[PDB]
Structures are given as C-alpha cells and as structure tokens.
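# My sequence and its experimental structure, below.
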Amino acid sequence: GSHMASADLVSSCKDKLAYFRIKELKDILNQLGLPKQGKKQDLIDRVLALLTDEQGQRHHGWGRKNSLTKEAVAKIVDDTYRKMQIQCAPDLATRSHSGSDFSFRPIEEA
C-alpha cells in the first residue's frame, strides 16, 4: 500500500467494536487488564485510545505481553465477526502489512 494502515486498523477495530455488543469490549479490556467498570463509552474510548495513543508502532518488542496491542484487539474482533456470521473476513488487515514473526503468542505456560 501507501504505508497508511493506521486509519484502517482504527476505523476497522472501531467500526466492529462499536457494532459488537459490550462482549467485544469485555474481552479486549479483559486482556488489557482494565477494571470491571467502564461503561460502553469508557471502554470504546479506551480501545481506540489504546490503538491510537498506545499504538506502540515505535515501541514494540514484547511478545509475552501483546495481549494489549492491536494484535489482541484484532484477534477478538475477528473471532466475533467470524462467529457472528462468518462472512468473508472484516478485512482487518490479513497480516498484509508488517509483522509475521511476532505472532503465535504462547499460552501463559499453562
């Protein structure tokens, strides 16, 4: 592309997250480590602010803590879409941008 996916990840994650019941935000905020509180608005603002104000596009190198990154948010949103009506993928990104060696996160060592 033209090196411009930021608006794609946000617009996609937001569009879906918004179209998805609190469940979506629940899983997201759950992995991030947020409190049980946080209305629909609080959560929504948190997600967008996380992939926008915490995109960490220039602060990567974790792997064992990416549960609070775009990968995580996109992971849940994707599962909700495919589980919702399957469809032909929300076109979140398809990993067709950058990053294909930092995936396959662990399982918390059981």
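Sure, I can see it. Numbering: from 1, shown residues only.
# what's in contact with the lengthiest helix in the chain?
Criterion DSSP state H: the longest helix present in the chain is helix 70-85. The contact list for helix 70-85 (Cβ atoms under 8 Å, 6 or more residues apart in numbering) reads 9, 12-13, 16-17, 20, 23-24, 27-28, 31-32, 47, 50-51, 55, 66, 87, 89-90, 92-93, 99, 103, 105. Quick note: C-beta positions are derived from backbone N, CA and C, even for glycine.
# What subset of these is buried?
Using 16 or more other Cβ atoms under 10 Å as the burial test, these include 9, 12-13, 16-17, 20, 24, 27-28, 31-32, 47, 50-51, 66, 90, 92-93 as buried.
# Filter these down to just the ones in helices.
9, 12-13, 16-17, 24, 27-28, 31-32, 47, 50-51.
# could the residues you listed be laid out in JSON lines, adding distance to residue 1?
Output for those, formatted as JSON lines (distance: Cβ to Cβ, whole Å):
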{"residue": "9", "distance to residue 1": "12"}
{"residue": "12", "distance to residue 1": "14"}
{"residue": "13", "distance to residue 1": "17"}
{"residue": "16", "distance to residue 1": "20"}
{"residue": "17", "distance to residue 1": "23"}
{"residue": "24", "distance to residue 1": "26"}
{"residue": "27", "distance to residue 1": "28"}
{"residue": "28", "distance to residue 1": "25"}
{"residue": "31", "distance to residue 1": "28"}
{"residue": "32", "distance to residue 1": "28"}
{"residue": "47", "distance to residue 1": "23"}
{"residue": "50", "distance to residue 1": "23"}
{"residue": "51", "distance to residue 1": "18"}
